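Single-structure report; data block below.
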Amino acid sequence: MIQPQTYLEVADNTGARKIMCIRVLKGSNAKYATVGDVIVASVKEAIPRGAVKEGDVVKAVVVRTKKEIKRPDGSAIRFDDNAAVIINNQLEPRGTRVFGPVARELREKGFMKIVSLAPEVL
Amino acid sequence: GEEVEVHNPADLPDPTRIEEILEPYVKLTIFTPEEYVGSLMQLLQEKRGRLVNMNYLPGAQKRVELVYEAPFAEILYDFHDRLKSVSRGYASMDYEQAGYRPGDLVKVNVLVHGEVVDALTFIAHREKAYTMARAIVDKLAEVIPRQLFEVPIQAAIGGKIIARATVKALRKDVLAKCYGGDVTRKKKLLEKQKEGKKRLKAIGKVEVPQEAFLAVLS
Amino acid sequence: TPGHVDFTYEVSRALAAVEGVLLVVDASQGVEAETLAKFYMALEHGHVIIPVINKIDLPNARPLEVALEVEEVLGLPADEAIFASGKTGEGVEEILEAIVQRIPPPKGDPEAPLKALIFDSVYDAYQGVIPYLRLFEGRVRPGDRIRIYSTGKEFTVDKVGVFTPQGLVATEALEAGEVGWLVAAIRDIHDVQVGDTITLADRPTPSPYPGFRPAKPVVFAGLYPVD
RNA sequence: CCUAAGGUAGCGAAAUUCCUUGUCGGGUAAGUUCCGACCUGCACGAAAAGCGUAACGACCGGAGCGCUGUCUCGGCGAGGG
RNA sequence: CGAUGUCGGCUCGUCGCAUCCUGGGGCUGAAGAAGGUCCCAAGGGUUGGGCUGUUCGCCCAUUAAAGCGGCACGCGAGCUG
RNA sequence: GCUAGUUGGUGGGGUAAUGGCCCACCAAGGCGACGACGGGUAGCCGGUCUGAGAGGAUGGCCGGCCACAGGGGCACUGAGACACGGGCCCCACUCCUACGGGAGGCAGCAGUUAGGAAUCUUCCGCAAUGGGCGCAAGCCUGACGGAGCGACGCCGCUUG
RNA sequence: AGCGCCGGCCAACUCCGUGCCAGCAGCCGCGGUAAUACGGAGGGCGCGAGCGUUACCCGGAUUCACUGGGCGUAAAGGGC
RNA sequence: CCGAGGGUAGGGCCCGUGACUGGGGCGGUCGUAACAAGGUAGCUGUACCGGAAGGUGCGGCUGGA
RNA sequence: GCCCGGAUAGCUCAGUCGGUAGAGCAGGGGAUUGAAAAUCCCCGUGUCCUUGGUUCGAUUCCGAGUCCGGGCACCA
RNA sequence: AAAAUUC
Ligand SMILES: [Mg+2]
Ligand SMILES: [Mg+2]
Ligand SMILES: [Mg+2]
Ligand SMILES: [Mg+2]
Ligand SMILES: [Mg+2]
Ligand SMILES: [Mg+2]
Ligand SMILES: [Mg+2]
Ligand SMILES: [Mg+2]
Ligand SMILES: [Mg+2]
Ligand SMILES: [Mg+2]
Ligand SMILES: [Mg+2]
Ligand SMILES: [Mg+2]
Ligand SMILES: [Mg+2]
Ligand SMILES: [Mg+2]
Ligand SMILES: [Mg+2]
Ligand SMILES: [Mg+2]
Ligand SMILES: [Mg+2]
Ligand SMILES: [Mg+2]
Ligand SMILES: [Mg+2]
Ligand SMILES: [Mg+2]
Ligand SMILES: [Mg+2]
Ligand SMILES: [Mg+2]
Ligand SMILES: [Mg+2]
Ligand SMILES: [Mg+2]
Ligand SMILES: [Mg+2]
Ligand SMILES: [Mg+2]
Ligand SMILES: [Mg+2]
Ligand SMILES: [Mg+2]
Ligand SMILES: [Mg+2]
Ligand SMILES: [Mg+2]
Ligand SMILES: [Mg+2]
Ligand SMILES: [Mg+2]
Ligand SMILES: [Mg+2]
Ligand SMILES: [Mg+2]
Ligand SMILES: [Mg+2]
Ligand SMILES: [Mg+2]
Ligand SMILES: [Mg+2]
Ligand SMILES: [Mg+2]
Ligand SMILES: [Mg+2]
Ligand SMILES: [Mg+2]
Ligand SMILES: [Mg+2]
Ligand SMILES: [Mg+2]
Ligand SMILES: [Mg+2]
Ligand SMILES: [Mg+2]
Ligand SMILES: [Mg+2]
Ligand SMILES: [Mg+2]
Ligand SMILES: [Mg+2]
Ligand SMILES: [Mg+2]
Ligand SMILES: [Mg+2]
Ligand SMILES: [Mg+2]
Ligand SMILES: [Mg+2]
Ligand SMILES: [Mg+2]
Ligand SMILES: [Mg+2]
Ligand SMILES: [Mg+2]
Ligand SMILES: [Mg+2]
Ligand SMILES: [Mg+2]
Ligand SMILES: [Mg+2]
Ligand SMILES: [Mg+2]
Ligand SMILES: [Mg+2]
Ligand SMILES: [Mg+2]
Ligand SMILES: [Mg+2]
Ligand SMILES: [Mg+2]
Ligand SMILES: [Mg+2]
Ligand SMILES: [Mg+2]
Ligand SMILES: [Mg+2]
Ligand SMILES: [Mg+2]
Ligand SMILES: [Mg+2]
Ligand SMILES: [Mg+2]
Ligand SMILES: [Mg+2]
Ligand SMILES: [Mg+2]
Ligand SMILES: [Mg+2]
Ligand SMILES: [Mg+2]
Ligand SMILES: [Mg+2]
Ligand SMILES: [Mg+2]
Ligand SMILES: [Mg+2]
Ligand SMILES: [Mg+2]
Ligand SMILES: [Mg+2]
Ligand SMILES: [Mg+2]
Ligand SMILES: [Mg+2]
Ligand SMILES: [Mg+2]
Ligand SMILES: [Mg+2]
Ligand SMILES: [Mg+2]
Ligand SMILES: [Mg+2]
Ligand SMILES: [Mg+2]
Ligand SMILES: [Mg+2]
Ligand SMILES: [Mg+2]
Ligand SMILES: [Mg+2]
Ligand SMILES: [Mg+2]
Ligand SMILES: [Mg+2]
Ligand SMILES: [Mg+2]
Ligand SMILES: [Mg+2]
Ligand SMILES: [Mg+2]
Ligand SMILES: [Mg+2]
Ligand SMILES: [Mg+2]
Ligand SMILES: [Mg+2]
Ligand SMILES: [Mg+2]
Ligand SMILES: [Mg+2]
Ligand SMILES: [Mg+2]
Ligand SMILES: [Mg+2]
Ligand SMILES: [Mg+2]
Ligand SMILES: [Mg+2]
Ligand SMILES: [Mg+2]
Ligand SMILES: [Mg+2]
Ligand SMILES: [Mg+2]
Ligand SMILES: [Mg+2]
Ligand SMILES: [Mg+2]
Ligand SMILES: [Mg+2]
Ligand SMILES: [Mg+2]
Ligand SMILES: [Mg+2]
Ligand SMILES: [Mg+2]
Ligand SMILES: [Mg+2]
Ligand SMILES: [Mg+2]
Ligand SMILES: [Mg+2]
Ligand SMILES: [Mg+2]
Ligand SMILES: [Mg+2]
Ligand SMILES: [Mg+2]
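Chains as they are written, first to last, in the deposited numbering: chain A, 1 to 122; chain B, 385 to 602; chain C, 83 to 309.
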């Protein structure tokens, strides 16, 4: 359940370490973003010589969340962090690896790029 | 003296010294059919050019042609979306051909607050230049974020003015706490503001950050 | 051919490089102005235009009437133009064979002094640049000089292809009649025009045909970045 | 021209700056506040002291971390009414 | 005037239409898609955050849209100060 | 100005073997303007260039020693390695994958690419010399013998 | 058969072009209408499958002086 | 146990940069300090003062009669 | 807005108490100087801010305006 | 024992 203010740990080699969510991109006034939803976010930590420098404002899709998400078959999955992956408008990663698992729900949501790049899609 | 350049027009030596100019007027051949010629020709009367003759190719009768010399700038703009939208998308042009011009060069300068802007400086026909000038300044107002004084926008060449733009300032505040209403207390706060909407003008250096994709692109 | 206008950058010059161009017309949309305008371009050169009438697979499509229209309108032999349909295995079947014959194959001595002009060029080559054209006359290959007509400036041969449709392929040298590609070190892109290629250095064809050549300033003026 | 003589050092949009969110810089995704600068000081300035100053302060500004029912946005539960 | 408690906020609204959006229209210098202008229309909806006591405004990120007035410039025996 | 395994002791551990090489206790020592400690740079010699000489400068080819084998760490086998073309693990990167998982290591000879002002043939042969295994026959040997390209250096010859 | 040079250092000189322009340059310095110094030509010197340039090392540099220098006034005696 | 390494925190040195701000070198305004007793002999350590060179005090030197 | 004061030579300024107006610097002609200053000699020059009124007559006195300068614009 | 600047 990511909302504006939420720092989420970024899981691709774009060169972002942590980003803060500044809007959840889902209508006139969506309250929360979750797995496979897209935010706008400010960049709070950049390893030196990235492409995303600090204070940049990026779009990113939520890949992992601390708040368990429920699935049609009445199972659930929560992760131990909230993670994101920085994309561009075309909705595709500027990264070239993704780190950690990602949630199956990214798949129907068309983020197929991300899903293959993953180490495990739980 | 004679002088060759420069590609980006603003620089060119002052009308104090300047008795010659060149618009590398080409003349082009357009095949067209039938008559789109009436429409077309007049179009090539605005972007002024020069007829030699040319010929009807045989039919399709709507077969036909026209060889015209027009200055490079006028040609370009005037021509493509128009060129067809005029003729209904048939017809065509090729300009190879690079002649030169003795005609008129007039370039107008665009000034914001009087702080002449170099980037917006533009180059056109004396009649067209005269025509464009209104659009530039007027198209300007949406552009320039507000600074504390009535803010001149004007467009002009060599010391006479083709255009005007004025930008409102108005950094009003002050009366917003008077309520009793001596007429004269109301005035006192605007005697300090009238000095302030002046002092700030004489030391005012003003700026516009990008958004020039907007003002003087068009 | 660059599809679209394109302003004639790839529509004509490269028009030079064909033997026959195949004219493709829908039989659903009809015949459009790009369709006709390109014709006289191509009609302009002198070539074998083999017409087509197309889509026919689409049900509603009006096929015969198109040939009819091009008929008076475009002036092509009504009978001569073929029919296929692309989505279908279609009128295709005769397409290649028809082409060869309607199309006379190329001619020039290929060991004769180099006079090579190529329709077009490879993109980027941030690393290195490649070229296409036909060395209609002559041949050039590795251990070569190249000299390209207007000022020079004289670039040696790294290789030539020739790139099989899979991609850009080998060859010892590029030879006459044959249409391929050549290298290398050009890098400048301003001097080059389609009808100017050189040349080994040590002999020069006396005159370029040509298809040339590029233009003087300025368009543009700044392409200044924001932010 | 004038005065008894015309504000020096240092400081300066300041617990003084009116015009005012002056201008430039810093921080922020965004900064009328804060910090650094400039000096057009409406109307600082030298024991009604001037410019600094380590330590101190339930003083008064600005920022960040940590953590939180302050808040999204509220819910349940205990006792006294 | 033997007393009718002030700006702004919060909370709760309700109403006008001179409509911001959404719905129906005519004209267009309406090809289409997008606009512009006037007409009908008040059913519903009209976001989060930076600065400032602010209302206002500027600015960020979005939005179908980020309407404008009235109700003692609504509302302090409802709160805040 | 530097030092707590730091400097010496003892008794162990370990190795082919001496030693704080490592561990426990014991003592308070060890080093430094004759430049410790930190920082910069560098593979070292035989040699080589210059110079009357002293000196200066340099370490390419070759020969000797050292060190490294994508960046790190670890040991196993073994006379010998903590092993370039053996093994294990982490990191970067490349490839395969049925997504569960896997394979990789040219600073060997050719060669590709990048970087650069600039730098060679995906040649030929085991005929020699040398190496390994084998009773031998032989087999392996991009060491090596030669060829190729470049005026890159020296030397020799031509254009009468 | 080519390449460097032809004011001085440094071996090799005349005409024409240019007029502080164009250009040359290691250093002196050349060029502002008779230029052996710029550009060309004739002529000449050097070296020759080469001849020049750049970069770097030693040399000239007894200019870190051990061989082999200095400090009254040139840089240099410490205020005692 | 150790352990490549990853992570947390606090320091140290270096490089790049920055609104602004010193001075420094190379190509009109104000004066005229030095070079002749340079028109007040100069220089000098120091202090204070002054648009600017500089003036003045205290003491020193001759590299001044 | 109200209150006082101002406006005179190119710049900066005196001044009448109603008749023809001054200074200082700039400017100019001369001199001195090899020359440029400094110095010396000689020289101007004004619609005394605009409008109207008083007056034989107005820079002067009277009324209004424009502009400039100083002060006030408070209790909410 | 020199009032007087500059090219
Ligand atoms: Mg945080
Ligand atoms: Mg991660
Ligand atoms: Mg930052
Ligand atoms: Mg920032
Ligand atoms: Mg009121
Ligand atoms: Mg296409
Ligand atoms: Mg169509
Ligand atoms: Mg004062
Ligand atoms: Mg001061
Ligand atoms: Mg200030
Ligand atoms: Mg401020
Ligand atoms: Mg602001
Ligand atoms: Mg401020
Ligand atoms: Mg700011
Ligand atoms: Mg800022
Ligand atoms: Mg910033
Ligand atoms: Mg910013
Ligand atoms: Mg605040
Ligand atoms: Mg400050
Ligand atoms: Mg003050
Ligand atoms: Mg005070
Ligand atoms: Mg006092
Ligand atoms: Mg203080
Ligand atoms: Mg102190
Ligand atoms: Mg303090
Ligand atoms: Mg206290
Ligand atoms: Mg609560
Ligand atoms: Mg409760
Ligand atoms: Mg209870
Ligand atoms: Mg009352
Ligand atoms: Mg009463
Ligand atoms: Mg009562
Ligand atoms: Mg009451
Ligand atoms: Mg508020
Ligand atoms: Mg209505
Ligand atoms: Mg409307
Ligand atoms: Mg409408
Ligand atoms: Mg409508
Ligand atoms: Mg349209
Ligand atoms: Mg429409
Ligand atoms: Mg409604
Ligand atoms: Mg409403
Ligand atoms: Mg808002
Ligand atoms: Mg904040
Ligand atoms: Mg405001
Ligand atoms: Mg809409
Ligand atoms: Mg309301
Ligand atoms: Mg009330
Ligand atoms: Mg009211
Ligand atoms: Mg109220
Ligand atoms: Mg109350
Ligand atoms: Mg209240
Ligand atoms: Mg009440
Ligand atoms: Mg209060
Ligand atoms: Mg209180
Ligand atoms: Mg111990
Ligand atoms: Mg002890
Ligand atoms: Mg020793
Ligand atoms: Mg090394
Ligand atoms: Mg070397
Ligand atoms: Mg060796
Ligand atoms: Mg290794
Ligand atoms: Mg390894
Ligand atoms: Mg290693
Ligand atoms: Mg063994
Ligand atoms: Mg080893
Ligand atoms: Mg190994
Ligand atoms: Mg290997
Ligand atoms: Mg190799
Ligand atoms: Mg190689
Ligand atoms: Mg390469
Ligand atoms: Mg290269
Ligand atoms: Mg070799
Ligand atoms: Mg052998
Ligand atoms: Mg053998
Ligand atoms: Mg040879
Ligand atoms: Mg020579
Ligand atoms: Mg000689
Ligand atoms: Mg020469
Ligand atoms: Mg001559
Ligand atoms: Mg010479
Ligand atoms: Mg000569
Ligand atoms: Mg030889
Ligand atoms: Mg030397
Ligand atoms: Mg000698
Ligand atoms: Mg020596
Ligand atoms: Mg010697
Ligand atoms: Mg020396
Ligand atoms: Mg000696
Ligand atoms: Mg000496
Ligand atoms: Mg002595
Ligand atoms: Mg001393
Ligand atoms: Mg001393
Ligand atoms: Mg460790
Ligand atoms: Mg560690
Ligand atoms: Mg690790
Ligand atoms: Mg700096
Ligand atoms: Mg710094
Ligand atoms: Mg003097
Ligand atoms: Mg003196
Ligand atoms: Mg003197
Ligand atoms: Mg004097
Ligand atoms: Mg003194
Ligand atoms: Mg002064
Ligand atoms: Mg004095
Ligand atoms: Mg004295
Ligand atoms: Mg005056
Ligand atoms: Mg005079
Ligand atoms: Mg005179
Ligand atoms: Mg003379
Ligand atoms: Mg009068
Ligand atoms: Mg009172
Ligand atoms: Mg009040
Ligand atoms: Mg004198
Ligand atoms: Mg002078
Ligand atoms: Mg003199």
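Idealized CB from N, CA, C, for every residue including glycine.
If you follow the beta strand (DSSP E) that residue i is in, where does it begin and where does it stop?
i, result
"C/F218", "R216 to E219"
"B/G580", "Taken as a continuous stretch (DSSP letters only), B/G580 belongs to no beta strand (DSSP E), being part of the alpha helix (DSSP H) at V567 to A586."
"B/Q538", "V535 to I541"
"C/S232", "From DSSP, C/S232 is part of no beta strand (DSSP E); its letter is neither H nor E."
"B/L450", "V448 to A454"
"A/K31", "No beta strand (DSSP E) holds A/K31; DSSP gives it neither H nor E."
"A/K59", "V57 to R64"
Check this for me: beta carbons of residue i and residue j, under 7 Å apart or not?
i, j, result
"A/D12", "A/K26", "no"
"B/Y474", "C/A297", "no"
"A/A33", "A/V62", "yes"
"B/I545", "B/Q538", "yes"
"C/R216", "C/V261", "yes"
"residue 359 of chain B", "B/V492", "This structure cannot settle anything about residue 359 of chain B, because the visible part of chain B is limited to 385 through 602."
Starting from the Cα of residue i, find the closest Cα among the options and give me that residue.
i, options, result
"B/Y409", "B/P417, B/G422, B/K589 and B/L435", "B/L435"
"B/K446", "C/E147, C/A149, C/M123 and C/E154", "C/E154"
"C/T238", "C/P247, C/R269 and C/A109", "C/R269"
"B/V490", "B/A599, B/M516, B/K585 and B/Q531", "B/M516"
"C/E101", "C/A266, C/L156, C/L178 and C/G85", "C/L178"
"B/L406", "B/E458, B/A444 and B/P417", "B/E458"
Looking at the unbroken alpha helix (DSSP H) that takes in residue i, where does it start and where does it end?
i, result
"A/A41", "Unbroken run through A/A41 is the beta strand (DSSP E), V38 to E45; no alpha helix (DSSP H)."
"B/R518", "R510 to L524"
"C/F89", "No alpha helix (DSSP H) holds C/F89; DSSP gives it neither H nor E."
For this session: Indicate whether the contact test is met: 3 or more Cβ pairs, each with one atom in the segment 255 to 264 of chain C and one in the segment 210 to 228 of chain C, closer than 8 Å.
Result: Yes, since at least three Cβ pairs between the segment 255 to 264 of chain C and the segment 210 to 228 of chain C fall closer than 8 Å, the two stretches touch.
Query raised in the report: Are there three or more Cβ pairs, one per stretch, closer than 8 Å when the segment 503 to 511 of chain B is compared with the segment 547 to 558 of chain B?
Result: Taking 8 Å as the limit for Cβ pairs, the verdict is that the segment 547 to 558 of chain B does not touch the segment 503 to 511 of chain B.
Checklist entry - Should the segment 134 to 143 of chain C be regarded as contacting the segment 100 to 110 of chain C, the criterion being three or more beta carbon pairs within less than 8 Å? => result The answer is yes - the segment 100 to 110 of chain C touches the segment 134 to 143 of chain C, with three or more Cβ pairs under 8 Å.
So, does the segment 187 to 198 of chain C touch the segment 265 to 283 of chain C, judging by three or more C-beta pairs under 8 Å? The segment 187 to 198 of chain C vs the segment 265 to 283 of chain C: in contact.
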